[PDB]
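Shown next: data34.csv, containing CSV, N, CA and C atoms.
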```csv
chain,number,residue,atom,x,y,z
A,1,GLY,N,0.2,-14.6,-1.7
A,1,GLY,CA,0.4,-15.8,-2.6
A,1,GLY,C,-0.2,-15.6,-3.9
A,2,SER,N,0.5,-14.9,-4.8
A,2,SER,CA,0.0,-14.7,-6.2
A,2,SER,C,-0.6,-16.0,-6.7
A,3,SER,N,-1.7,-15.9,-7.4
A,3,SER,CA,-2.4,-17.0,-8.0
A,3,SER,C,-2.8,-16.7,-9.4
A,4,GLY,N,-2.1,-17.3,-10.3
A,4,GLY,CA,-2.4,-17.0,-11.7
A,4,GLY,C,-2.4,-15.5,-12.1
A,5,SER,N,-2.5,-15.2,-13.4
A,5,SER,CA,-2.5,-13.9,-13.8
A,5,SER,C,-3.8,-13.2,-13.3
A,6,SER,N,-3.6,-11.9,-13.0
A,6,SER,CA,-4.7,-11.1,-12.5
A,6,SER,C,-5.7,-10.7,-13.7
A,7,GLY,N,-5.1,-10.0,-14.7
A,7,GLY,CA,-5.9,-9.6,-15.8
A,7,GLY,C,-5.9,-8.1,-16.0
A,8,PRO,N,-6.5,-7.7,-17.1
A,8,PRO,CA,-6.6,-6.3,-17.4
A,8,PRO,C,-7.6,-5.5,-16.5
A,9,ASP,N,-7.2,-5.4,-15.3
A,9,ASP,CA,-8.1,-4.8,-14.3
A,9,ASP,C,-7.2,-3.8,-13.4
A,10,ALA,N,-7.3,-2.5,-13.8
A,10,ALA,CA,-6.6,-1.5,-13.1
A,10,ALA,C,-5.1,-1.9,-13.0
A,11,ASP,N,-4.4,-1.2,-13.9
A,11,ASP,CA,-3.0,-1.5,-14.0
A,11,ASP,C,-2.4,-1.6,-12.6
A,12,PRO,N,-1.2,-2.2,-12.5
A,12,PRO,CA,-0.5,-2.4,-11.3
A,12,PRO,C,0.1,-1.1,-10.8
A,13,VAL,N,1.1,-0.6,-11.6
A,13,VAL,CA,1.8,0.6,-11.3
A,13,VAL,C,0.8,1.6,-10.7
A,14,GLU,N,-0.3,1.8,-11.5
A,14,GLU,CA,-1.3,2.8,-11.0
A,14,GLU,C,-1.7,2.5,-9.6
A,15,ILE,N,-2.2,1.2,-9.3
A,15,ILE,CA,-2.6,0.8,-8.0
A,15,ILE,C,-1.5,1.2,-7.0
A,16,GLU,N,-0.3,0.7,-7.3
A,16,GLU,CA,0.9,1.0,-6.4
A,16,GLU,C,1.0,2.5,-6.2
A,17,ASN,N,1.2,3.2,-7.3
A,17,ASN,CA,1.3,4.7,-7.2
A,17,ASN,C,0.3,5.2,-6.3
A,18,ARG,N,-1.0,4.8,-6.5
A,18,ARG,CA,-2.1,5.3,-5.7
A,18,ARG,C,-1.7,5.1,-4.2
A,19,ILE,N,-1.2,4.0,-3.8
A,19,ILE,CA,-0.8,3.7,-2.5
A,19,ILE,C,0.3,4.7,-2.0
A,20,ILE,N,1.2,5.0,-3.0
A,20,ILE,CA,2.3,5.9,-2.7
A,20,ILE,C,1.7,7.2,-2.3
A,21,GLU,N,0.8,7.8,-3.1
A,21,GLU,CA,0.2,9.0,-2.9
A,21,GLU,C,-0.5,9.1,-1.5
A,22,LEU,N,-1.0,7.9,-1.1
A,22,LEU,CA,-1.6,7.8,0.2
A,22,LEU,C,-0.5,7.8,1.3
A,23,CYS,N,0.4,6.8,1.1
A,23,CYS,CA,1.5,6.7,2.1
A,23,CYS,C,2.1,8.1,2.4
A,24,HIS,N,1.9,9.0,1.4
A,24,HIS,CA,2.4,10.3,1.5
A,24,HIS,C,1.5,11.2,2.3
A,25,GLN,N,0.2,11.0,2.1
A,25,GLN,CA,-0.8,11.7,2.8
A,25,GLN,C,-0.8,11.3,4.3
A,26,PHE,N,-0.6,10.0,4.5
A,26,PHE,CA,-0.5,9.5,5.9
A,26,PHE,C,0.9,9.0,6.2
A,27,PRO,N,1.6,9.9,7.0
A,27,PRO,CA,3.0,9.6,7.4
A,27,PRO,C,3.0,8.5,8.5
A,28,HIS,N,1.8,8.4,9.2
A,28,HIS,CA,1.7,7.4,10.3
A,28,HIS,C,1.5,6.0,9.7
A,29,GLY,N,0.8,6.0,8.6
A,29,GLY,CA,0.5,4.8,7.9
A,29,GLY,C,-0.9,4.7,7.4
A,30,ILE,N,-1.2,3.6,6.7
A,30,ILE,CA,-2.6,3.4,6.1
A,30,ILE,C,-3.0,2.0,6.3
A,31,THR,N,-4.2,1.8,6.8
A,31,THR,CA,-4.7,0.5,7.1
A,31,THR,C,-5.5,0.0,5.8
A,32,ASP,N,-5.4,-1.3,5.6
A,32,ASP,CA,-6.1,-1.9,4.5
A,32,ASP,C,-7.5,-1.3,4.4
A,33,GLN,N,-8.1,-1.2,5.5
A,33,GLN,CA,-9.5,-0.6,5.5
A,33,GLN,C,-9.5,0.7,4.8
A,34,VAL,N,-8.5,1.6,5.1
A,34,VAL,CA,-8.4,2.9,4.4
A,34,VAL,C,-8.4,2.7,2.9
A,35,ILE,N,-7.3,2.0,2.4
A,35,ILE,CA,-7.2,1.8,1.0
A,35,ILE,C,-8.5,1.2,0.4
A,36,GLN,N,-9.3,0.6,1.3
A,36,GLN,CA,-10.6,0.0,0.9
A,36,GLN,C,-11.6,1.1,0.6
A,37,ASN,N,-11.6,2.1,1.5
A,37,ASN,CA,-12.5,3.2,1.4
A,37,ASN,C,-12.0,4.1,0.3
A,38,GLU,N,-10.7,4.1,0.1
A,38,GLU,CA,-10.1,4.9,-0.9
A,38,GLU,C,-10.2,4.2,-2.3
A,39,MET,N,-10.2,2.9,-2.3
A,39,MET,CA,-10.3,2.1,-3.5
A,39,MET,C,-11.0,0.8,-3.3
A,40,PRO,N,-12.3,0.9,-3.0
A,40,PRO,CA,-13.1,-0.3,-2.7
A,40,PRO,C,-13.4,-1.1,-4.0
A,41,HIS,N,-12.9,-0.5,-5.1
A,41,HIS,CA,-13.1,-1.1,-6.4
A,41,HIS,C,-11.9,-2.1,-6.7
A,42,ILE,N,-10.8,-1.8,-6.1
A,42,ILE,CA,-9.6,-2.6,-6.3
A,42,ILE,C,-9.9,-4.1,-5.9
A,43,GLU,N,-9.1,-5.0,-6.4
A,43,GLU,CA,-9.3,-6.4,-6.1
A,43,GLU,C,-8.4,-6.8,-4.9
A,44,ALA,N,-8.8,-7.9,-4.3
A,44,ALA,CA,-8.1,-8.4,-3.1
A,44,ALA,C,-6.7,-8.7,-3.5
A,45,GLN,N,-6.5,-9.4,-4.6
A,45,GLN,CA,-5.1,-9.7,-5.0
A,45,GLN,C,-4.4,-8.5,-5.5
A,46,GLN,N,-5.1,-7.6,-6.2
A,46,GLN,CA,-4.6,-6.4,-6.7
A,46,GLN,C,-4.1,-5.5,-5.6
A,47,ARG,N,-5.0,-5.4,-4.6
A,47,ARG,CA,-4.7,-4.6,-3.4
A,47,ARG,C,-3.4,-5.1,-2.7
A,48,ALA,N,-3.3,-6.4,-2.5
A,48,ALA,CA,-2.2,-7.0,-1.9
A,48,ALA,C,-1.0,-6.9,-2.8
A,49,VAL,N,-1.1,-7.4,-4.0
A,49,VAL,CA,-0.1,-7.3,-5.0
A,49,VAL,C,0.6,-6.0,-4.9
A,50,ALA,N,-0.1,-4.9,-5.3
A,50,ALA,CA,0.5,-3.6,-5.2
A,50,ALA,C,1.2,-3.4,-3.9
A,51,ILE,N,0.5,-3.7,-2.8
A,51,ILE,CA,1.1,-3.6,-1.5
A,51,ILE,C,2.4,-4.3,-1.4
A,52,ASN,N,2.3,-5.6,-1.6
A,52,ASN,CA,3.5,-6.5,-1.6
A,52,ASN,C,4.6,-5.9,-2.4
A,53,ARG,N,4.2,-5.5,-3.6
A,53,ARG,CA,5.1,-4.9,-4.6
A,53,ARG,C,5.8,-3.7,-3.9
A,54,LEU,N,5.0,-2.7,-3.5
A,54,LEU,CA,5.6,-1.5,-2.8
A,54,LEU,C,6.4,-1.9,-1.6
A,55,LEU,N,6.0,-2.9,-0.9
A,55,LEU,CA,6.7,-3.4,0.2
A,55,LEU,C,8.1,-3.9,-0.2
A,56,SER,N,8.1,-4.7,-1.3
A,56,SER,CA,9.4,-5.2,-1.8
A,56,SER,C,10.2,-4.0,-2.4
A,57,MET,N,9.5,-3.4,-3.4
A,57,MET,CA,10.1,-2.3,-4.1
A,57,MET,C,11.0,-1.4,-3.2
A,58,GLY,N,10.4,-1.2,-2.0
A,58,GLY,CA,11.0,-0.4,-1.0
A,58,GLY,C,10.4,1.0,-1.0
A,59,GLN,N,9.2,1.1,-1.5
A,59,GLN,CA,8.5,2.4,-1.5
A,59,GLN,C,7.5,2.5,-0.3
A,60,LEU,N,7.0,1.3,0.0
A,60,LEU,CA,6.0,1.2,1.1
A,60,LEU,C,6.7,0.5,2.3
A,61,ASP,N,6.3,0.9,3.5
A,61,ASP,CA,6.8,0.4,4.7
A,61,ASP,C,5.7,-0.3,5.5
A,62,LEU,N,5.9,-1.5,5.8
A,62,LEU,CA,4.8,-2.2,6.6
A,62,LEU,C,5.1,-2.0,8.1
A,63,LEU,N,4.0,-1.9,8.8
A,63,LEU,CA,4.1,-1.7,10.3
A,63,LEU,C,3.0,-2.5,11.0
A,64,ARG,N,3.4,-3.6,11.6
A,64,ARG,CA,2.5,-4.4,12.3
A,64,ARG,C,2.2,-3.8,13.7
A,65,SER,N,0.9,-3.3,13.8
A,65,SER,CA,0.5,-2.7,15.0
A,65,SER,C,-1.0,-3.0,15.2
A,66,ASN,N,-1.3,-3.5,16.4
A,66,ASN,CA,-2.7,-3.8,16.7
A,66,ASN,C,-3.3,-4.7,15.6
A,67,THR,N,-4.6,-4.7,15.6
A,67,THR,CA,-5.3,-5.5,14.5
A,67,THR,C,-5.0,-5.0,13.1
A,68,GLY,N,-4.6,-6.0,12.3
A,68,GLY,CA,-4.2,-5.7,11.0
A,68,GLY,C,-2.8,-5.1,10.9
A,69,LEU,N,-2.3,-4.9,9.7
A,69,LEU,CA,-1.0,-4.3,9.5
A,69,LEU,C,-1.1,-2.8,9.1
A,70,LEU,N,-0.1,-2.1,9.1
A,70,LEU,CA,-0.1,-0.7,8.7
A,70,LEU,C,0.9,-0.5,7.6
A,71,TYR,N,0.7,0.5,6.8
A,71,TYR,CA,1.6,0.9,5.7
A,71,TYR,C,1.8,2.4,5.6
A,72,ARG,N,3.1,2.7,5.7
A,72,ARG,CA,3.5,4.1,5.6
A,72,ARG,C,4.6,4.3,4.6
A,73,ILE,N,5.0,5.5,4.4
A,73,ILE,CA,6.0,5.9,3.4
A,73,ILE,C,7.4,5.4,3.9
A,74,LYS,N,8.1,4.6,3.1
A,74,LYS,CA,9.4,4.1,3.5
A,74,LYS,C,10.3,5.3,3.7
A,75,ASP,N,11.2,5.1,4.7
A,75,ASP,CA,12.2,6.2,5.0
A,75,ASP,C,13.1,5.7,6.1
A,76,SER,N,14.2,6.4,6.3
A,76,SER,CA,15.1,6.1,7.4
A,76,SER,C,15.5,7.3,8.2
A,77,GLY,N,15.5,7.1,9.5
A,77,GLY,CA,15.9,8.2,10.4
A,77,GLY,C,17.3,8.7,10.1
A,78,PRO,N,17.5,10.0,10.5
A,78,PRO,CA,18.8,10.6,10.3
A,78,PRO,C,19.8,10.1,11.3
A,79,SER,N,21.1,10.2,11.0
A,79,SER,CA,22.1,9.7,11.9
A,79,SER,C,22.3,10.7,13.0
A,80,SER,N,22.9,10.3,14.1
A,80,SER,CA,23.2,11.1,15.3
A,80,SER,C,24.4,12.0,15.0
A,81,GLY,N,25.4,11.4,14.4
A,81,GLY,CA,26.7,12.0,14.1
A,81,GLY,C,27.3,11.5,12.8
```
Represent the supplied structure as structure tokens.
Amino acid sequence: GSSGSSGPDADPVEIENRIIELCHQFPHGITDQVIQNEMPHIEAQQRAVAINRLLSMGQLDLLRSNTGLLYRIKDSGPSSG
């Protein structure tokens, strides 16, 4: 739930891209906690924003499993025939 402008704090694209690089490192996915240890400097809204963005953009894939959600690299399985 975006709330007002964020501000000049760590560009968005950058944040997103960062997540991408991660989503790449982890094919299984990445937990908010991870991104936290990876970027504990990022903001709550910034972290989500980028996430939501990637989610929408179609670059990041959300995966609801166990406590919290998971985020992996977006992709689609190959056809059978």
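Counting only C-alpha atoms and comparing A:14, A:30, A:22, A:9, the residue that lies closest to residue A:63 is A:30.
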Measuring between only C-alpha atoms, which one of A:60, A:70, A:51, A:34 shows the shortest distance to residue A:15?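 Residue with the minimum atom-to-atom distance to residue A:15: A:51.
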Find the residue from A:58, A:1, A:12, A:29 that sits nearest to residue A:46; use only C-alpha atoms when measuring.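 Smallest distance to residue A:46 is found for A:12.
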Counting only C-alpha atoms, which residue out of A:75, A:21, A:11, A:32 sits closest to residue A:48?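 For residue A:48, the nearest of the candidates is A:32.
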Which distance in Å separates atom CA of residue A:3 and atom CA of residue A:24, to one decimal? 29.3 Å
Find, counting only C-alpha atoms, the residue in A:68, A:37, A:26, A:45 that gets nearest to residue A:7.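 The shortest atom-to-atom distance to residue A:7 comes from A:45.
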With only C-alpha atoms as the atoms that count, which of A:8, A:69, A:35, A:20 lies nearest to residue A:54? A:20
Calculate how many Å separate atom CA of residue A:6 from atom N of residue A:52, rounding to one decimal.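 Atom-to-atom, atom CA of residue A:6 to atom N of residue A:52, that is 14.1 Å.
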Atom N of residue A:25 and atom N of residue A:38, how far apart in Å?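 Interatomic distance, atom N of residue A:38 to atom N of residue A:25: 13.1 Å.
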Kindly provide, as JSON, the centre and edge lengths (Å, one decimal) of an axis-aligned box around all atoms of stretch 2-7 of chain A given in the file, with 4 Å on each side.
```
{"center_x": -2.7, "center_y": -12.7, "center_z": -10.4, "size_x": 14.4, "size_y": 17.2, "size_z": 19.2}
```
All strand (DSSP E or B) positions in chain A, as a list in words: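 Of chain A, the ones in strand (DSSP E or B) are residues 30, 31, 60, 61, 62, 63, 64, 69, 70, 71, 72 and 73 of chain A.
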Which residues in chain A does DSSP call helix (DSSP H, G or I)? List them as a VMD selection string. chain A and resid 12 to 25 32 to 38 44 to 57
Missing atoms in stretch 31-42 of chain A need filling: write out N, CA, C and O atoms for it as a CSV table (one decimal), keeping the file's coordinate frame.
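Heads up, here's the output in out_4.csv:
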```csv
chain,number,residue,atom,x,y,z
A,31,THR,N,-4.2,1.8,6.8
A,31,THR,CA,-4.7,0.5,7.1
A,31,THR,C,-5.5,0.0,5.8
A,31,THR,O,-6.1,0.8,5.1
A,32,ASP,N,-5.4,-1.3,5.6
A,32,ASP,CA,-6.1,-1.9,4.5
A,32,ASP,C,-7.5,-1.3,4.4
A,32,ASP,O,-7.9,-1.0,3.2
A,33,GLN,N,-8.1,-1.2,5.5
A,33,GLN,CA,-9.5,-0.6,5.5
A,33,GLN,C,-9.5,0.7,4.8
A,33,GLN,O,-10.4,1.0,3.9
A,34,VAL,N,-8.5,1.6,5.1
A,34,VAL,CA,-8.4,2.9,4.4
A,34,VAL,C,-8.4,2.7,2.9
A,34,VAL,O,-9.3,3.2,2.2
A,35,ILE,N,-7.3,2.0,2.4
A,35,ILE,CA,-7.2,1.8,1.0
A,35,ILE,C,-8.5,1.2,0.4
A,35,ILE,O,-8.9,1.5,-0.7
A,36,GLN,N,-9.3,0.6,1.3
A,36,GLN,CA,-10.6,0.0,0.9
A,36,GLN,C,-11.6,1.1,0.6
A,36,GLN,O,-12.2,1.1,-0.4
A,37,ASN,N,-11.6,2.1,1.5
A,37,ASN,CA,-12.5,3.2,1.4
A,37,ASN,C,-12.0,4.1,0.3
A,37,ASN,O,-12.8,4.9,-0.4
A,38,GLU,N,-10.7,4.1,0.1
A,38,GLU,CA,-10.1,4.9,-0.9
A,38,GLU,C,-10.2,4.2,-2.3
A,38,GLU,O,-10.4,4.9,-3.3
A,39,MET,N,-10.2,2.9,-2.3
A,39,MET,CA,-10.3,2.1,-3.5
A,39,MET,C,-11.0,0.8,-3.3
A,39,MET,O,-10.4,-0.3,-3.4
A,40,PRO,N,-12.3,0.9,-3.0
A,40,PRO,CA,-13.1,-0.3,-2.7
A,40,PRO,C,-13.4,-1.1,-4.0
A,40,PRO,O,-14.1,-2.1,-4.0
A,41,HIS,N,-12.9,-0.5,-5.1
A,41,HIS,CA,-13.1,-1.1,-6.4
A,41,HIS,C,-11.9,-2.1,-6.7
A,41,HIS,O,-12.1,-3.0,-7.5
A,42,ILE,N,-10.8,-1.8,-6.1
A,42,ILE,CA,-9.6,-2.6,-6.3
A,42,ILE,C,-9.9,-4.1,-5.9
A,42,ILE,O,-10.9,-4.3,-5.2
```
